[PDB]
């Protein structure tokens, strides 16, 4: 059941966000500061789904406000997408993290399939409320939530996909997680930014 009994019967994003603040669908609400719901409105045509809020998002109350969000904005700017058409959210709404003794920043830990399934009711409520025409799936965790734990982003990135079990049959475009463009060789990162831009353009023209 997970978060099912915490999701209210409303398509109002402010009421959904307030309700996600009391959610006990899985254990992640305990160590996290607050629930991080999605930003943007119901007029949005493009829904973007990341994995989970990070350290800044957990204290800011908004998705993608740290370094990966800065990189995503640079790629949206280059793909000619304004955020006025964007509902931006994550698969899990509570920061899963550990503290590295002698490190800078709380380090994010990969949500389990159990926690992604527990949180999925909020993503179904968001998609039912926004009725997007295209869902951009940022990374493996988000793509698996809608396409199955077998899905590989590396084998299908930039492809317009359509699965029947998803609300409203929106077009789906799976791409690299923006944090991947902050790690590695300068040319792998430049090719990967160029692929995120291409994947965002495919989604913008659906």
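Numbering follows the first chain given and starts at 1.
Of the two segments examined, 156-164 and 48-56, it is 156-164 that shows the higher average Cα temperature factor in the deposited entry. Of the two stretches examined, 31-39 and 167-175, the record assigns the greater average C-alpha temperature factor to 167-175. Residue-level inspection of the entry shows that, of 88, 81, 130, 124, 81 has the top Cα B-factor.
Each of 104, 120, 96, 93 has a CA temperature factor in the record; the biggest one is found at 104. Placement of the Cα temperature factor of residue 148 within the chain: middle third of the modelled residues, per the deposited record. Residue 65: CA B factor lies in the middle third for its chain, per the PDB record. When all modelled residues of the chain are sorted by CA temperature factor, residue 136 is found within the lowest third. Ranked by Cα temperature factor within the chain, residue 116 sits in the lowest third according to the deposited record.
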